[PDB]
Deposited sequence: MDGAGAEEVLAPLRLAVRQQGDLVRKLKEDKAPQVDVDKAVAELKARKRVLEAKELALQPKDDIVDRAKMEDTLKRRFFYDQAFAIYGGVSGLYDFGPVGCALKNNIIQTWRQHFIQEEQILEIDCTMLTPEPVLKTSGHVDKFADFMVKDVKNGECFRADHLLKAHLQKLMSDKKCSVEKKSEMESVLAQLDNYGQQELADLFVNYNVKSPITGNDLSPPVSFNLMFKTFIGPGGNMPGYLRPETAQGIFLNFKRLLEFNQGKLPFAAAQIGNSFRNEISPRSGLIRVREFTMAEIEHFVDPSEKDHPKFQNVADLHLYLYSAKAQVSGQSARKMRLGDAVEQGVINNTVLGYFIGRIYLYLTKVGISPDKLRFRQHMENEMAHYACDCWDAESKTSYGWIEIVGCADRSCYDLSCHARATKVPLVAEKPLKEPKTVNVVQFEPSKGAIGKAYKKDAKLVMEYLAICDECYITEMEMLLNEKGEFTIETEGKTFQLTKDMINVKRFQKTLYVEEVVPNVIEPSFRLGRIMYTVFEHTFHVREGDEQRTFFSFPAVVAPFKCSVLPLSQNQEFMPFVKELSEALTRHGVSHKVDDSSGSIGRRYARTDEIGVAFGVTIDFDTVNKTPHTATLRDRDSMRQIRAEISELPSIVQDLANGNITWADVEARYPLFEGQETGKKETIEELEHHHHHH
């Protein structure tokens, strides 16, 4: 199935990729701190994103505030940037997510069988409408299914709407009640005119922003999946409805990805692998502008370490907007990691009322494709998809991060610290920085095998061990180790920077290296 997450989490906590925020205070749900190793990974993911989108598409980056006054979020959704129905408990006051309790409790009596078959079908009919039940309706369903507090046990209260925005006051007194932005896309809209003027009024242009957003979750209890603070990457691509073709679609048309259309969901079909070019041809994917980004998102996700076999794109379906969500399969099931919405009528129209004056005195209300990246979930998906366990009964752990994402690409290992290795270590380190390869000198105590096990544990792609022979014999050669296979070669210490650079940047494979340079074993 998925992954031994109990092991993975232990390694993630022990090596301090990330951990519970304010742990020495009991901790806060939905809040996490990222350690040195987690930051390196996060920064690499974000940097890879900047190269994949901002640099590639000439996107106009923006940096807006997280503090937003009330009036601004009233023209978007003081209700629907999001409010979840919340049921309280008339003692023990504990709050719950309505959709969650009803669903879980339905699955309880849905599978408890002195029960009926006609009830199964009834509860299925209800589950297929959960997300779209209004308030009353839901309250009735709570009473009609006798839903009580899961962990015992008192009766429940009519599900009331609960806004997921963090309230605050921007200033002295209380005349400017503000909100912590629940999403980054809105800041871009408010800046459409300045962005348009910056692009000289021309019209295909993309605007992006990488920052934190806040969602006041009722009861987050699923690790990095449901969190209250998270880093998000947003793109707002603006197109003239007339020219709905992307000139660069042919670069992606040939990809094969799993598509899970709305119609495939209505009629209980399965996710279907499909050529992206065919997808647009067959009409399952509306246009090539939407198609291009879907393929670029696919390329980015697989590049960062997500498995293609556990990656799908789900179109939603009457639950306005043509959205395809990049979903990854984890131990929590299929989670939405990247949203990509095609939108005719959008949220700039509400805000500003902007338009672009395409020549001849015509005001154009541009269509908008907005790919939104859940960076933390993307990061967590990499953990699960990349985590492996080695053979021995000292069941050792390692992450198979792509070199472009791993905390650092190379680890130099000199034998027990001697004034002897230093000049060689220093030269390797300096030469390694000159080829743009990240590294950390291992000044750690233990066997040469135990030290590599530690670096494997955090996913370091490569390793160079410097021994006495390296210092004292005259082709000065050290050994290069591959993380995944654990296989080693013996190359000249002055060429190593070049071949590690060529391995990180997929210019050559390990097989290529083992074909040019001698093998090594202990």
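Against the full deposited sequence, the model leaves out several stretches, namely 1-62, 382-386, 421-505, 675-693.
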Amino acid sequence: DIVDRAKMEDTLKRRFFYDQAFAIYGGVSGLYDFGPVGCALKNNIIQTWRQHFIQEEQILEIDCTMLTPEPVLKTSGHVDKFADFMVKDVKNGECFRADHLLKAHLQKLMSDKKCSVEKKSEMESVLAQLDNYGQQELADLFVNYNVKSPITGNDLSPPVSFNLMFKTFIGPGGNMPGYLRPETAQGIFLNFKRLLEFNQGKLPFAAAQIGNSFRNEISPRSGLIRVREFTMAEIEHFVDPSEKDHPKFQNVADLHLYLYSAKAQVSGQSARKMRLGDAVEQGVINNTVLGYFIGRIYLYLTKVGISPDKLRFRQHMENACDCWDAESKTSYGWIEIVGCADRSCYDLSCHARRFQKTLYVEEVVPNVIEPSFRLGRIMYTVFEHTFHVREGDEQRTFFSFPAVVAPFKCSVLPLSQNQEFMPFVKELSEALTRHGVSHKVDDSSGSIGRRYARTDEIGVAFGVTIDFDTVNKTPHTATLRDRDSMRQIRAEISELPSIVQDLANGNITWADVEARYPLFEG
From here on, numbers count along this sequence of modelled residues.
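Remark: stretch with higher mean C-alpha B factor among 95-103 and 365-373 is 95-103. The mean Cα B-factor in the deposited entry runs higher for 123-131 than for the other of 434-442 and 123-131. If you compare the C-alpha temperature factors of 333, 71, 241, 187 in the entry, 71 comes out highest. Reading the B-factor column for the CA atoms of 183, 217, 347, 254 in the entry, the top value corresponds to 347. Sort the modelled residues of the chain by CA B factor and residue 417 lands in the highest third. Residue 24: CA B factor lies in the highest third for its chain, per the PDB record. Ranked within its chain, residue 89 lands in the highest third, by CA B factor from the PDB record. The PDB entry assigns residue 352 a C-alpha temperature factor belonging to the highest third of its chain's modelled residues. In this PDB entry, the Cα temperature factor of residue 201 sits in the middle third of its chain's modelled residues.
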